[PDB]
Amino acid sequence: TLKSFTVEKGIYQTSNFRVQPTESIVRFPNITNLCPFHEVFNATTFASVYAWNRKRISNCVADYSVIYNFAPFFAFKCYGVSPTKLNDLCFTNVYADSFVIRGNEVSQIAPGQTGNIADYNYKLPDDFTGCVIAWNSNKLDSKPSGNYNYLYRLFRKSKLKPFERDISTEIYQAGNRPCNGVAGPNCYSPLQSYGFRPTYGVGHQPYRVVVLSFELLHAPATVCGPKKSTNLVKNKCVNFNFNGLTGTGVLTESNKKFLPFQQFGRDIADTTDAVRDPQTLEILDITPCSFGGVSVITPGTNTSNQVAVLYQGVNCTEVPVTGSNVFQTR
Amino acid sequence: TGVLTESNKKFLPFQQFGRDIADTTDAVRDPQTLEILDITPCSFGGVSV
Amino acid sequence: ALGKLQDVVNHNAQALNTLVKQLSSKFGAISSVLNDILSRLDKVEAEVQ
Amino acid sequence: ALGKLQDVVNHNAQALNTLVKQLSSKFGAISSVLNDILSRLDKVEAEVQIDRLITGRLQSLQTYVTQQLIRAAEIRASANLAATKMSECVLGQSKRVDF
Amino acid sequence: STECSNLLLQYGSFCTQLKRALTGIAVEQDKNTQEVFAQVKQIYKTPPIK
Amino acid sequence: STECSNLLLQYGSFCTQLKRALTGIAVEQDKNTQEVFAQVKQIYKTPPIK
Amino acid sequence: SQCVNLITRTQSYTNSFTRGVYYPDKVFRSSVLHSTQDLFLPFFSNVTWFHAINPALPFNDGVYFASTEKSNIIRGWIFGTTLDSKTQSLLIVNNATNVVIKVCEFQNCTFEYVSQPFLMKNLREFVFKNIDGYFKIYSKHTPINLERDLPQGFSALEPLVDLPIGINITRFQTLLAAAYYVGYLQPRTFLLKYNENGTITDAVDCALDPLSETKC
Amino acid sequence: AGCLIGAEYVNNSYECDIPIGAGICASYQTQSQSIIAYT
Amino acid sequence: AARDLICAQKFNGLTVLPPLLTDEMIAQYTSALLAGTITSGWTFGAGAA
Ligand SMILES: *[C@@H]1O[C@H](CO)[C@@H](O)[C@H](O)[C@H]1NC(C)=O
Ligand SMILES: *[C@@H]1O[C@H](CO)[C@@H](O)[C@H](O)[C@H]1NC(C)=O
Ligand SMILES: *[C@@H]1O[C@H](CO)[C@@H](O)[C@H](O)[C@H]1NC(C)=O
Ligand SMILES: *[C@@H]1O[C@H](CO)[C@@H](O)[C@H](O)[C@H]1NC(C)=O
Ligand SMILES: *[C@@H]1O[C@H](CO)[C@@H](O)[C@H](O)[C@H]1NC(C)=O
Ligand SMILES: *[C@@H]1O[C@H](CO)[C@@H](O)[C@H](O)[C@H]1NC(C)=O
Ligand SMILES: *[C@@H]1O[C@H](CO)[C@@H](O)[C@H](O)[C@H]1NC(C)=O
């Protein structure tokens, strides 16, 4: 610590001692169902972008490594998470939105974007967490005469809110004379059709987009991936994994008055003090394991090589997990 | 955001902007009518209780 | 003879003048003007700058 | 009457309380909890967010220690005055006016 | 700028402690002037004879 | 956290000089108390007559 | 039949008396002063006391609702931009014994949800909010003596339900002898106080007066 | 130092209770209690 | 047209607070100390003049 080969007489702060964790436990809710990602990704017909579908996914075990075998996409583009860490932690609810756009507008399916799809068809929030999966569908959504089954909206009086749908078909008022349901000068239909042909370029080919939106933990968790649970152990320094919340500490029984809608308890420094066990509805206090500073009292190295050790702020009965002369100071 | 008043700043014909010591725009030339306008921040201060 | 009080005045003037002049620095960004950064880029890149 | 020693206690309480309360800040990251960052992201992105948190907490700690050094200098000046007053007021008789 | 304020709100309590330090300096200056000059308890004046 | 410690090791010796400054302050406080109060070489006591 | 049956509405105006506080999150906190920025009913605000012995009621940034009667009248609230069929609308009708939250998105159904807990000399305070396509309902049931005007005190509102509806909720209308208080939420910052048991016992509205701004 | 709203200026002189600015202080007095400002 | 540095300091968020004691009050304190020193000696610093 001193970066020297000789030590003068005095007391020196060297390091810290820390009680190492012994066991590791995982506490996940008991859920046996499997999430239907196959019914979302494998479908004959996909919805239009102005009338995008939304499927709720809850109360099932989600395996995110089987998505790669369902659709031929390059990358699993995510924003708040990573694709390789989706199987470990877990959420409250999953929302799957599926639609068909062109290759120009794939860049507009992103938080904080401005364009046609982002302003009038499908808007993502600024604090969006989740993943976007887009892949080419030129062999399924395109015909050499011209597919007209996919629509998009570009005439509206205001920009869309995030996760807001608009399926109304009323004639847009672009001038002063009222339309009265009849198109004409300064009166246009708000929905126009795509013109997908297989002889088109790669930037104008149809693309199927599925957006997975995750709800982070505020409620008891309903969608959790394949990790086996472990028996709960108390009054011991262990590693714990409560619904994807990892940590190290000692779990003790609690007398905190948790309200029935409350699952977590936080500190002043924004760390978890109490947890609710998902299998048995119990409240557990978490405390850090025993630690403190270590000081080394020595004379000079030209005098002696004998040392004394001062463990700071900890009692004399808790220091392990001459030198037989244990003394208790303040 | 600010207040625009008529200015007596002697802009050269090639100059279209004016700056401060802290690199903020102080004067501007209107692109339609060739007129110099100052830019002053709106009224502000501190409140003590 | 009164150079100490003049130094007291001059140091307090120079600190505020340096604090004003420091607003013109880029600090590795593309511009020292905040509105130009907000106008040029979208949300993520302007948030970085 | 004893407001000076009360201020001495209160400043050392307030500095430590601010140092603890600065641990809840994000400093431009996605979260203030280190384990949530290490669990949500892969290695490179969590390294970026951990670097942001490290820079913010290091800046807070350096600010605390600089304020402590200035306060220690002021306390040492007051202790020198108290030692001079003990040497000249208690151990003898002083002719200095208002000392 | 509202965006700059919203990103500045994530940096903690730096502004409050800088404000506290400046307020302490400002109070300390008036304390220094009071402890130097206000050493007398009554406002004496010279008689008109000189 | 081991990853945070391995990233913090790349920032040099800020922690060591931070600890050195705090240790110097801690020694200076005891020096202040000793130089104020410990000014007499022998512990005198009052006689029992009052 | 459909009829009209326009029960005549007379507007009376009263004062809020520091009511309409809810838990901003589901995190336990004890003996902590916590500052929250959310949609809250402002303190000492102007709320409307409708009597019913009905054009529309505007909806903006959430609505606080208060009911005193036990005579089994107030059933639900119809939400949406239009009334019957022009755009998306909402229907949260409810009955007595098996309390349904039977909520609909026909006008073409895209959202259906049925659940039990919504409704159970007593105030039944509710808060309805719509943010980012999510519809949130909080509620609290409390007693009263001297039932005229709103009480003086603090009673926090516990959450009930969150739904992913994603519609435009410009207008709303109560489904009906009856009298109810309607107040409007604004984006505000409060300073809430959590006692030793973790319950909100006091709060400070930071934009009411300079004294509370100093307190915040 | 600016101006003051809610305090009534008096033509008296007391010791400084709450400091405001260039020679101006404020206090809270019974003589109906109110907040007054003075030099 | 002559922009001052104090205007930029005010517009960029830096303000200077006035002192509690004006120069007239400091001059009155100095005059009281001088009158006491001349007309009474060192007695006024120990009690009644
Ligand atoms: C998609 O689902 C249908 C319905 O079960 C099934 O018949 C079909 O084989 C699936 N597609 C693929 C590529 O397996
Ligand atoms: C999950 O565990 C709890 C307690 O161990 C039990 O009451 C519940 O029935 C279990 N659920 C299932 C689906 O087995
Ligand atoms: C701590 O030490 C004291 C005296 O050394 C002892 O009385 C007390 O029981 C100890 N605390 C424990 C063992 O928890
Ligand atoms: C633009 O407006 C100015 C002022 O009215 C006018 O002098 C100028 O000719 C206009 N430019 C064109 C191209 O019409
Ligand atoms: C509420 O608004 C009405 C509108 O005329 C007004 O008469 C009444 O005094 C207001 N209530 C207040 C300010 O408490
Ligand atoms: C509802 O539609 C109106 C236009 O009629 C629009 O101004 C408003 O922003 C919309 N509200 C939401 C929440 O989308
Ligand atoms: C907490 O609850 C207990 C039991 O209900 C009660 O005795 C105690 O007074 C409460 N604490 C408060 C109200 O601060």
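Those sequence lines, one after another, are chains A, C, Y, R, F, S, G, W and E.
Count the first sequence with PDB author numbering and you get residues 302 to 622, 638 to 646, in order.
FYI, PDB author numbering numbers position 12 of the second sequence as 560, with every residue one higher than the one before it.
FYI, PDB author numbering numbers position 22 of the third sequence as 965, with every residue one higher than the one before it.
FYI, PDB author numbering numbers position 78 of the fourth sequence as 1021, with every residue one higher than the one before it.
FYI, PDB author numbering numbers position 9 of the fifth sequence as 754, with every residue one higher than the one before it.
FYI, PDB author numbering numbers position 45 of the sixth sequence as 790, with every residue one higher than the one before it.
Count the seventh sequence with PDB author numbering and you get residues 16 to 68, 81 to 134, 165 to 177, 187 to 242, 262 to 301, in order.
Count the eighth sequence with PDB author numbering and you get residues 647 to 677, 689 to 696, in order.
FYI, PDB author numbering numbers position 33 of the ninth sequence as 877, with every residue one higher than the one before it.
Note that CB positions come from ideal geometry on N, CA and C, so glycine has one too.
For a quick check, are the C-beta atoms of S555(C) and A575(C) less than 8 Å apart? yes
Members of the region 196-219 of chain G that neighbour chain A once the beta carbon cut-off is set at 7 Å: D198, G199
Please classify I770(F): does DSSP put it in a helix, a strand, or coil? helix
Please report the residue range of the beta strand (DSSP E) in which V193(G) lies. 188-197
How about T588(A) and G550(A): are their beta carbons less than 8 Å apart? yes
Should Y495(A) go down as buried or exposed, given a rule of 16 or more other Cβ atoms within 10 Å for buried? buried
Is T588(A) a contact residue of ligand 3, with contact defined as CB to any heavy atom under 7 Å? no
CA nearest to the CA of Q409(A), picked from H519(A), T393(A), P426(A): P426(A)
Compile a chain-ordered list of the residues in the region 968-985 of chain Y whose CB is closer than 8 Å to at least one CB of chain A. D985
Please list, in chain order, all residues of the same chain as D428(A) whose beta carbon is under 8 Å from its beta carbon, the five residues on each side excluded. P412
Contact the region 47-57 of chain G vs the region 31-38 of chain G: 3+ CB pairs below 8 Å: yes
Using only CA atoms, which one of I100(G), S116(G), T63(G) lies nearest to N234(G)? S116(G)
For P384(A), three-class secondary structure by DSSP: helix
Within the same chain, show all residues whose beta-carbon is closer than 8 Å to that of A672(W), passing over the 5 residues directly before and after it, in chain order. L650, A653, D663, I664, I666, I692, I693, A694, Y695
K969(R) (DSSP reduced to helix, strand or coil): coil
Along the region 561-588 of chain A, where does the CB come closer than 8 Å to a CB of chain G? Name the residues. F562, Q563, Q564, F565, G566, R567, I569, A575
Under 9 Å between beta-carbons, which chain E residues line up against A672(W)? List them in chain order, please. Simply none; closest approach about 12 Å.
Quick one: which residues of the region 847-872 of chain E get their C-beta closer than 8 Å to a C-beta of chain F? List them in chain order. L861, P863, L864, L865, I870, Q872
Who pairs with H49(G) in a beta bridge, going by DSSP? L277(G)
Hey, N317(A) and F541(A) are a contact pair by Cβ (cut 8 Å); roughly how many whole angstroms apart? About 22 Å separates the two Cβ atoms, so there is no contact after all.
Whole angstroms are fine: how far does the CA of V289(G) sit from the CA of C301(G)? 7 Å
Please tell me whether, using a cut-off of 7 Å, the distance from the CB of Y91(G) to the nearest non-hydrogen atom of ligand 5 is below it. no
Would you please verify whether the beta carbon of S750(F) is less than 8 Å from any beta carbon of chain Y? no
Amino acids of chain F, ordered along the chain, whose beta-carbon sits closer than 9 Å to that of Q965(R): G757, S758, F759
With three or more C-beta pairs closer than 8 Å as the rule, is the region 1006-1024 of chain R touching the region 987-996 of chain R? no
DSSP state of residue 633(A), grouped into three classes? What the structure lacks is residue 633(A): chain A is numbered 622, then 638, with the residues between left out.
Contact test: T315(A) Cβ vs ligand 3 heavy atom, cutoff 7 Å: no
Would the region 387-397 of chain A count as touching the region 501-509 of chain A if we require 3 or more Cβ pairs under 8 Å? no
Please state whether DSSP places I1013(R) in a helix, a strand or coil. helix
Of all the beta strand (DSSP E) runs that stay within the bounds of the region 569-599 of chain A, which reach a length of 3 or more residues? 573-577, 584-588, 592-599
What does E224(G) pair with, by DSSP beta-bridge criteria? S205(G)
Exposed or buried, which one is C590(C) when buried takes at least 16 other CB atoms within 10 Å? exposed
Any residue whose CB is nearer than 5 Å to a heavy atom belonging to ligand 7, listed in chain order: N280(G), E281(G), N282(G)
Taking Cβ-Cβ distances shorter than 8 Å, what residues in chain R pair up with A766(S)? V1008, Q1011, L1012
Contact shell at 7 Å, judged by CB to any heavy atom of ligand 1, ordered along the chain: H339(A), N343(A)
Take the Cβ of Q613(A) as the centre, count every other Cβ of all protein chains shown within 10 Å, and call the residue buried at 16 or more, exposed below. exposed
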